[PDB]
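Just the one chain here, the form deposited in one PDB entry, laid out as structure tokens.
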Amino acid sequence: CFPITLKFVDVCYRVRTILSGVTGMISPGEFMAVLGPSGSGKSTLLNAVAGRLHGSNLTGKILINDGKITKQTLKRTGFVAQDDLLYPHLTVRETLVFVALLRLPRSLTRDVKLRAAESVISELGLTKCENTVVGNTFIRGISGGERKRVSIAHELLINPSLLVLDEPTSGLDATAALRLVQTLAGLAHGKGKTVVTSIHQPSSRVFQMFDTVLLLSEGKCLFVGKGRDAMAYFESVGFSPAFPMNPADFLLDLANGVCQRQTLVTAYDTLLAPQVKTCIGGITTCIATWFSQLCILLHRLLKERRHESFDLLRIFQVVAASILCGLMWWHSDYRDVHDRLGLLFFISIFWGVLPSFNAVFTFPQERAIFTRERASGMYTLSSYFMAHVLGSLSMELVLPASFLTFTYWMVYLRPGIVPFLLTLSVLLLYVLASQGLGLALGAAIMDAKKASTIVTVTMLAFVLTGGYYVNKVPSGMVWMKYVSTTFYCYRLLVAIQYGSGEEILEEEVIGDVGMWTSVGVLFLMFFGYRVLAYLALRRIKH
């Protein structure tokens, strides 16, 4: 009930000039294709007419519906990008319901907000595959011609009226590239939209689906016409095919100089180009809509935190370490101290290296998805950060709580329920204070290979200064132990099992720092590493 008339009369985009003099207008109900050679600037004319390149070095009068490009007339414009950014473990129906709860406004009820994710299922051909998982090339899911049809459905929830795609039929085979163009011509004809696209190398019966074409040979345009008379035009200039050929291949051969392009630029500006020119509170509301954004993001990512934590090779490493501790220290005796202290220091190494090494892969693997979803009005950074914080400290407390229950009663540590719940609490605090070091380095580096070798050097300096290997620290590096997390875990485990002398009586048992000082620093390192992981994600200003 509201059409749209795109009209651009612009001039060059100097980075060399990518575009130089292009022009043309698009009416409602008109499926248009923009085709040229590779590296000719057809990915820039689309990207600058949806409103994503402006200001610095782009001058022109790209005007939308006899007006001006505005934030008001930009919510009704969907730019389907070239690559697909989806979560693998979600199903196709769960993908489009979680997106529908974030894109659509909050004034609507939750009965039409998931009804409008149901008609988009049937408007495209996504009805047979609404229960299989999406997957990737690791997880066997939907086909490649349907992942593109989901990404088009991501942009049709907001009901746009100018849909600008960017090479849709690239990578698709011969019969899904035809069927995807057939349903895009149904949107422009049967619904009234203004679909604009750029096909790389169209086949012959894909070129019969177009209503308006546009050539681009390194800047300047050669033909802006209806498309059925693209061959009747070029024979008036003196060009014709010498053998039966695809019409989209002849006029794409004319663009890069191959004759059978100096006289094509000149004849356009004198015969065809001066013809289209003639047609020219907010207090208690912003709190409750913050927690509404957080409850949706904990349910999207719940299947992703479960695959990341409960991997079948991370279970085998904990099962294999829980039997070796239970067999080398089987039925230990408490009055030989040098063995009991080596049990309590292996636990501090093992649960400081595993939560901290696997946490550097969280943010580099999702920085391409996040920066697309953020600049679409779905969520800010403070609610995407607090869904990885709260979603990881609920799933990472399952394997160390099962390591210790199986081990504590075979290796014969202190009996009773009160020295067991103190050993469980110090261990689970040391797990949470140790993956914050992984989140702080993985978000300040943004490379999973350069940050996996700095977190290894960092946890090497925390082990050697933990107080077990070297006893006489050489008077210049005594400060090095007060910043290591392994030092504060190991001196708490010994204080629970032995206390302060009086029953074992070598003053490795008697500590030097304290009992409450060691737990007040592991909370300072728990909150202090999630702040420095947020200030490094704020630093990437888009």
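Quick note: we count residues from 1 along the sequence shown, nothing fancier. Only the largest set of C-alpha atoms that superpose within 1.5 Å between the two forms is called the rigid core.
Keep in mind that the form deposited in another entry is missing from the display, and what follows is about it.
Chemist: Given a superposition on the rigid core, I'd like a yes or no on whether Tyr468 shifts its C-alpha by 2 Å or more between this form and the one not shown.
Modeler: Yes; that C-alpha moves by at least 2 Å between this form and the one not shown.
Chemist: Is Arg372 one of the residues whose Cα moves 2 Å or more between this form and the one not shown, with the core superposed?
Modeler: No, because once the rigid core is superposed, the C-alpha of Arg372 moves less than 2 Å between this form and the one not shown.
Chemist: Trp329: with the rigid core matched between this form and the one not shown, does its Cα shift 2 Å or more?
Modeler: True for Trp329: a C-alpha shift of 2 Å or more.
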